Each structure stands twice: as C-alpha cells, then as structure tokens.
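Note sheet for the following structure.
Numbers restart at 1 for each chain; the letters A, B, ... are given by sequence-line order, proteins then strands. Values below: every heavy atom of this structure, side chains too, minus hydrogens, waters and symmetry copies.
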Amino acid sequence: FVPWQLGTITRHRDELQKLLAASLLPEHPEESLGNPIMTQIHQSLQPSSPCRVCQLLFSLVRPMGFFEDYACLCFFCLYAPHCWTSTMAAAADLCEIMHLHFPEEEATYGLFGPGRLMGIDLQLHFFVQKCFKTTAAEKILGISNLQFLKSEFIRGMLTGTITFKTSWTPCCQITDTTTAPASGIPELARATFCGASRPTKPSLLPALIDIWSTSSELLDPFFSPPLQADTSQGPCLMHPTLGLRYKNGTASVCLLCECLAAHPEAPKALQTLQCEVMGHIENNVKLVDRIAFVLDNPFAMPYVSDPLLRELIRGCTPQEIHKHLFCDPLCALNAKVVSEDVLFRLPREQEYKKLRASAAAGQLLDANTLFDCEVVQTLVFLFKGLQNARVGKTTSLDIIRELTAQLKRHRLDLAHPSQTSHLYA
Amino acid sequence: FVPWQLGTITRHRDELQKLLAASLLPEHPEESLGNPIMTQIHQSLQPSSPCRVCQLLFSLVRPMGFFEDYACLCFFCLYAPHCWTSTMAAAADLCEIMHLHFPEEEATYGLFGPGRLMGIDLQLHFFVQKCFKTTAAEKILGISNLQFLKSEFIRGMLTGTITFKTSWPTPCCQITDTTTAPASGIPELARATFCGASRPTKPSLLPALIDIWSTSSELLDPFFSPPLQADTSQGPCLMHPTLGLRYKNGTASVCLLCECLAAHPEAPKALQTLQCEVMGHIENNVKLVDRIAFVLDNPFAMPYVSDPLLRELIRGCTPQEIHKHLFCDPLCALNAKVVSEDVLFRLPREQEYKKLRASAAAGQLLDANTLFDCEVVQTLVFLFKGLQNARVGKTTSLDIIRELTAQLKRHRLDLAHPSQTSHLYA
Ligand SMILES: [Zn+2]
Ligand SMILES: [Zn+2]
Ligand SMILES: [Zn+2]
Ligand SMILES: [Zn+2]
Ligand SMILES: [Zn+2]
Ligand SMILES: [Zn+2]
C-alpha cells in the first residue's frame, strides 16, 4: 500500500465528493443563523475537543496490515507540506486504509461529511497537531500549551476574529548545539525512495486543477459543488488558512505550496528558481523584477521536465513567487519539511517492507529530520492568523517581534514579517 | 556618449516636454474621482510593483556599446544629487541612449507620459532605489526592507498621509567603518578621467531650470508650455523627491541650491566656500541667518563664483533657504556629500574615459559612491522628509527624529537638531 497515488483519489471519488462538498464555505452566511458544517469545524478547533480521527482509530482497535499501512500514511504526512493537496491525499489514503482493513465497518462508508470527519479534522490530526508522532510523556504538557495557541488562532481564521503575551531544552534539532547536523531523510527512507533508479508516481496536478477550477476562481468533472455553496473560494476548509482571499497579486491559498505536495519535481524546481533569482542578476534589481526577468524568457526553467508544471510556475505572478520563496513563513516552513522522494518516487519493495516494520514498531515518527520545530510551527500559524483575521494591534506586533527572532535562530532568511503582512495575503 | 549635456536635453525637447507635462499636479484634484497620472505614480510606489525602467531595459535585451553608455549614465547618477535637475538629465540621457542603440523599436518613442515612464519611475530607478548598483546576493533581502520603508514614506508625501518601529533593525558604510581612512574623493579612474584644471566644463543647466520652473510654477519670486487643468504653481514637482511644492518660513519644499548642485559646475565648491564664510568671518555670536545675510549683503559677495547667474541666484535666496540648505535640512546635507562636480561637468579625457566605461560596464565602479553611500542614512532622510510633508503619527514621528539624530552624529554630519528643522522649514 502506498500513499500519494492519484489512482487512490479516483477510486474514492464518491467519498471525497462528500468531503469536497463539506469543505466549501456557505454562499450567503449572513442569511442563516447557523450552518452545521461551520458548527462542527468550529468545534474541532476548540482546545478540549476530542480529535475526531484519534477517536475513529480507537473505535477500530478495541490486524497487522493496518498498523503498518497507517504508519505509512503518518510517515508520508510527516514529510509533506501543509496544504490542500496533502489533506486530499491523506483523505483518500485514509479511505483506502479503511476499505482495505475494515470493509465491514459502518465507520468505513460515509467517512467524510457532516457528522463524520471533516477537512479540518484531517488537518488537525496529520499536520497541525501531528497526533501520530511518538513523543515522550514529559513533553505532553508543554506540547498542549502550544496546541492550545494553534487551535485559537486557527479558529480565529475560521470565524474572523481572535479572543499569547501571558502564554508564551532547545526547541528542536536546529537550536540544539549538541546534535549532529541533519543528514536528510532518515536512512531507511533514503534507501527506499532515493536513487536515479526510480520512476515517479502519477502527479496530482490534474486533480488539483480540476477541483479548484470547478469550485473557485483561484485559477483565473471530479467535483460538483452544491448551490448555497460558495463557489468563489473552493474547498478551502481543507487548507490551513480556511479561506481564499486576494491581495497584491497573491491569494491566501498558495499555488506553489500546492505544487510542493502535488508534483514530483516542484521542491527542487523552486529551489533552483530561487538560486537563479538570487544568482543570475548581479545588480540591485528588486526580487519581483528578478523573477519577471528569469521567467520572461521563452525557454524559462528548462530543468523542469513536465511542461505543465513549467506552464504553471511561469503563469504565477511575480508576487506569488516572491511571497512563496522569500516572504511567507508558512511557505518557508512548507519548503523545509517536504521530501519529494518519500512523496512521489515509487518505493523499492525490499526496503519499504522494513520501513513499514520500523514505523509501526514506532521508530521513524518521532520527528521530521529535515525540519521539525513546534515553536516555529506555532508562530507560523499565529502569523497567518493575524494576517487573515482581526487581532489586537499589540499582540499583533508581539507575534511579529517573536517570529522574527525565531526565524533568525533557525537560519530562515525571509523579508521582515511586518513587511510580509503589509504586502500579501 | 557623455551624460549631463545641455545639448542632450535640447534635442529631445519633444519627448521631455511630454515628461514635464505628465509631471505637474492636478489643478483641482477633489473634483474628479481619480486621475490616471496620479493613479500610476501611486502604483509605482507600491513595494511589490515592478520597476518600470528595469522592465523597459530587460524588454530591450531579451549592440556592444549600449551597455557602456547606460553604465555611464548610471555612474553619473551615483555621483549626482537627488533633485529635479538630476531627474531631467537622466530623462534626457535615457532618450539619447535609446535613439543611439534602439531607434527602430517603438518603446523608444513615446518614452514618457501616461502608460509609459514617469518622473517617479526615473527617481525610483536611478536615485531612490539605485537598481544599477552591483550588490551581493546575500544582501538583497535586507535591502528590500529599507526600500519598503522608502516607498511607503514617499507614497505618503504623494497622498498626504502615511498608512517603522516594527520594521527597523558590522558598520553600515565607509563613514562608520572607522578602520578605513576618511573619504578623499571619487575613484582613481574617475579622477584620471575628469579632474585637472586643463579640463573644460560642460554647459550650465541653470537656464533650463530657470525657464521650466518659472513658466510652470512660482518657485522663483519657452522650453515648456503647461496644459490647462494642471496646477501651474507647483511646477513639474512630481520629478522632485518631495512630490510637491509647499512653503514655510521663507523656504520651499523644492530647494533651489540643491538644483544648483546638479545644474551648475561651481555650485558644490561655491556653497562649501560660503559655508566657511558664514562660519569663519564673524567671530562673535550672530545667528546663522544673520551671518548669511551679512556675507551676501555685500555687493561684491561670493567673488569666487565666476558665472554671475549662479552668483545672483544664490544671493537672491532667502537666508532661510541658505540656512536650511547648509546647516539644517538632512536631504540637502546628503546631496552635498554625494555630488561630484567633476564627474558631472568636466569634459572627460577620452583615453581614460574608455577605461572608465569598461570598468563601469563590468560593474566595478557601481558598487558604491566613494564620497558617501549609506542606505540606512538615505532611508532615514526620506522618512524625515516624509513626516515633514505628510501626516504621520506623533509617536512614530518623534521616533524617526531620535534615530535620525543618532545616525547624523554617528556619520559626523553637523546639522541643527531635526526637531528644530522640522519646526522651522519645508
Ligand atoms: Zn488525532
Ligand atoms: Zn526550533
Ligand atoms: Zn507557498
Ligand atoms: Zn529599476
Ligand atoms: Zn552609514
Ligand atoms: Zn538644498
């Protein structure tokens, strides 16, 4: 069983349809007193609510093919960026794990939608809170403080306003002066996915473009949206920012972060683009002009094989590319955690079988070895929260002050977060 | 091809008139819902919009001496003050460079105006942001923070209010790197090319200044005819750093002595000699504005100035304009520190000039102005002019003033205290 397979998405087009419909915003929220979808998402974001996915799983465990297939999904999620595509894929792969190991269970059918799992529940379990990580007991209270803050500011993005200064061991491996520097993905994963030997799994770009052009205007039939649904903002309740807002030629749903999780050569295609932008021009041309100059060229970016991804990146505005490579802290967090090999290279069966054994034995899920820091993660969500919701000016500049300090402690070079918050969505 | 030539201005009177017309303010701005000129300038000042001049250039390369003629223009700007005249000259010399090396492409004609280039675009590219300086890649992010601040406060001067403490942050420049020697002058290649009494000077740009600004403004109390429905009391001020002409205490937001620094070959040394006369001749406690009046009442004043036009202009300025320029305004101080009258106005020796161009086209001479170059001090100067010409909160206004005073002392610039200056002058 392997995650991130476009085929798994098409197989469950029926169930996902229930998930995609349930992840759209109401067309006219002001004309109803409530809405059951928003009520449940809002409930998932209250700090003392149960985790609906953790509760589903415990329901099923009170085989062997199951702890080893589930631990694969967890490992893939741990090495995946935070975005819509990762939630879609984790949704599909959770269907498959449930249809594989539990075909007789009623929880397996009608898995998504109102009263069952929702997009936000996937986000919380696999990406925001990472319930699957193996963590020591003495780290539990500390983690809950940070999870509390994340829930509050994510809920703020849903409802529109916020209700830190009171609330705020080295935090991670980077700030750890003892540790040996990060090699890369752990050894067993490098053995299993790496090497010129490997063909690619199918790209998720077609599904992404279908769903989002059908149910939003992000890009100006797998998914059919209802009316009394907001077809201008897409299935954004599966995205970290919970909405689609436009500013300065950018949008709150970053398309290049979607590419990091939906296409096999996006991680490095962008890393080389960043290198071309910094290195080719040797004078004081500003970053959005450098991007226009690099991508003005008719052959632009030959290092990218798939002409579709090339067509997409060259179609982005210089502001979208500026925001993603140099400004937004969540884009920076997304780029540092992804492993394009784990996500998209077809695994070698001999090495994969030990990986499943090791992960289900609880050995590869303690931390993302490329980047893993709940402190920086939390501030990234706090920042996106002040960017997308009403927040007090004084806490707002408190977050900005601390995020900048941590960005430097962790060797992440961005424009100043206050500039980023002025410029972009 | 040599920049800063009155002749270059004269031949392109056609394109340059179109720039001056597009550089006046609306006559009655409140009676229209918008204005395409103001909308575009305001668009050029947003931090994530492209540089129109950079975009013109890349569109033109996507010859063998274009890169060297453009690099000469850049070198001159680097050693030119920030003012109307320097924007006019860069406009003219950009025309000339386009007719020499790109005469069949349509971009060259209709170079200026709505939908094309504007004064703000020339100012941003050649003077405020200096896109041509050779900068290391690892320093770009930091630079964009400072350019952000500059754009915002210049945009405030355009619209009237501002929309620092959040964004503000090794020596910053050669002045505060106290392990280096104190600056002596322009590079050797430039010294060889421009210096020596043997060298004849190019024509004074003062007539062009005096003509254009008297026909389309009141700054002085036909190259250019202004349209109707335009504010003919403020001149082509959208080519000037303050984006308007306002008056206070016998001064105006357009400083005439800064125009002279860029428009006339002996203004830099004349004013520095005047500064010595003002400081040194009186030996008792007479105020600076009276000392200025005493030096310039004498009928034989400033005999070190040969050109009687420059001499009469300086002597006609009010003691506040001269007080403001020599002792108070921080943008006037930066302008005096950056300018080289030799580069701008002495006829180059062609054998050494060929070496200059090769160096400048190879990027070696555009790393930094060796007389003064500090983007920190540049940014604070634009912040201060912004609080002076636009609505800014009291707490952030007094924050700029205190940081600017600290940097002024750290860079050995002796000015009156900026709070005094902000109270006194435009
Ligand atoms: Zn969970
Ligand atoms: Zn950390
Ligand atoms: Zn992104
Ligand atoms: Zn430029
Ligand atoms: Zn300095
Ligand atoms: Zn001046």
Side-chain angles (χ1 to χ4, degrees), chain A residues 276-296 318-319 322 326 415 419, chain B residues 3 40-41 43-62 66-82 86-87 89-91 93-95 97-98 102 107 111-112 117-152 154-155 239 241 338 360-369 373-376 378-379 382:
Chain A
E276 292 199 47
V277 169
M278 296 305 264
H280 283 192
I281 295 93
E282 305 291 350
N283 47 336
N284 187 4
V285 176
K286 74 195 281 175
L287 291 166
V288 288
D289 284 329
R290 290 177 182 243
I291 293 158
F293 289 4
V294 164
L295 303 188
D296 174 355
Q319 290 83 18
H322 180 212
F326 308 101
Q419 164 184 6
Chain B
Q40 197 192 301
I41 293 176
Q43 191 182 36
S44 298
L45 293 158
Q46 286 161 350
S48 53
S49 45
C51 176
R52 286 172 86 82
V53 172
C54 283
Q55 290 290 354
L56 186 57
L57 296 175
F58 187 93
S59 83
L60 298 198
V61 311
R62 74 164 178 188
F66 169 69
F67 295 100
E68 293 176 336
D69 293 311
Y70 171 64
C72 279
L73 177 53
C74 293
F75 185 83
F76 270 56
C77 291
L78 187 56
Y79 286 84
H82 269 96
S86 310
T87 304
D93 306 338
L94 188 69
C95 267
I97 287 166
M98 292 285 288
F102 291 89
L111 187 55
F112 304 119
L117 286 191
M118 300 227 183
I120 197 52
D121 301 301
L122 298 171
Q123 289 193 81
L124 282 172
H125 177 80
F126 288 108
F127 295 93
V128 182
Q129 316 288 25
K130 299 182 180 60
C131 305
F132 56 79
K133 278 174 75 171
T134 70
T135 66
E138 69 268 13
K139 293 179 179 179
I140 281 299
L141 274 192
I143 288 158
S144 83
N145 295 324
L146 291 181
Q147 300 190 336
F148 181 80
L149 292 178
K150 274 181 272 178
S151 298
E152 294 294 295
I154 291 165
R155 203 173 69 249
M239 285 167 77
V338 175
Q364 295 306 324
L365 280 160
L366 299 184
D367 300 0
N369 170 319
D373 195 319
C374 185
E375 204 160 13
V376 168
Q378 191 209 22
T379 297
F382 275 102

With sequence neighbours excluded, tell me which residues meet side-chain hydrogen bond (donor to acceptor under 3.5 Å, both in side chains) with [X].
| X | value |
| --- | --- |
| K133(B) | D373(B) |
| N369(B) | none |
| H82(B) | none |
| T87(B) | none |

Would you mind listing every salt bridge (charged side-chain N to carboxylate O under 4.0 Å, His left out) that reaches into residues 140-152 of chain B, with sequence neighbours excluded?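 Of all non-adjacent pairs touching residues 140-152 of chain B, those that pass salt bridge (charged side-chain N to carboxylate O under 4.0 Å, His left out) are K150(B)-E375(B), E152(B)-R155(B).
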Salt bridge (charged side-chain N to carboxylate O under 4.0 Å, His left out) pairs, two or more places apart, involving residues 281-294 of chain A: none
Side-chain heavy atoms of [X] within contact of [Y], under 4.5 Å:
| X | Y | result |
| --- | --- | --- |
| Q378(B) | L146(B) | no |
| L124(B) | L45(B) | yes |
| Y70(B) | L57(B) | yes |
| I291(A) | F326(A) | yes |
| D121(B) | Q40(B) | yes |

Could you walk me through whether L141(B) and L287(A) pass side-chain contact (heavy atoms from CB on, under 4.5 Å), step by step? CA-CA 8 Å; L141(B) 274 192; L287(A) 291 166; 3.7 Å; yes
Any idea which heavy atoms bring [X] and [Y] closest together, and the distance?
| X | Y | value |
| --- | --- | --- |
| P81(B) | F127(B) | O-CE2, 3.5 Å |
| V288(A) | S48(B) | CG2-O, 3.8 Å |
| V285(A) | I140(B) | O-CD1, 4.4 Å |
| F76(B) | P3(B) | CE2-O, 3.5 Å |
| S44(B) | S49(B) | O-OG, 3.7 Å |

Let me see the working for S151(B) and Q129(B) under side-chain contact (heavy atoms from CB on, under 4.5 Å), right down to the final yes or no. CA-CA 9 Å; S151(B) 298; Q129(B) 316 288 25; 3.4 Å; yes
Counterpart residues, ring-ring contact (aromatic ring centres under 6.0 Å, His included), relative to [X] (two or more places apart):
| X | answer |
| --- | --- |
| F148(B) | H422(A) |
| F58(B) | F293(A) |
| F126(B) | none |

Looking only at the aromatic ring of each residue, does the gap between the centers of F66(B) and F102(B) stay below 6.0 angstrom? yes
How long is the straight-line distance from [atom2] of [Y] back to [atom1] of [X], given to the nearest 0.5 Å?
| X | Y | atom1 | atom2 | value |
| --- | --- | --- | --- | --- |
| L366(B) | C131(B) | CG | SG | 12.5 Å |
| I120(B) | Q43(B) | CD1 | CD | 13.0 Å |
| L117(B) | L122(B) | CG | CG | 5.5 Å |
| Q123(B) | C77(B) | CD | SG | 11.5 Å |
| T379(B) | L149(B) | OG1 | CG | 6.5 Å |
| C95(B) | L111(B) | SG | CG | 5.0 Å |

Just by distance, do the side chain of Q55(B) and the backbone of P50(B) share a donor-acceptor pair under 3.5 Å?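 Between the backbone of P50(B) and the side chain of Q55(B) there is no qualifying donor-acceptor contact (under 3.5 Å).
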Please test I143(B) against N284(A) for side-chain contact (heavy atoms from CB on, under 4.5 Å), starting from the C-alpha separation and ending with a verdict. CA-CA 9 Å; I143(B) 288 158; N284(A) 187 4; 4.1 Å; yes
Within residues 135-148 of chain B or reaching into it, pairs that qualify as side-chain hydrogen bond (donor to acceptor under 3.5 Å, both in side chains) - sequence neighbours excluded: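 Sorted result for residues 135-148 of chain B: empty, none.
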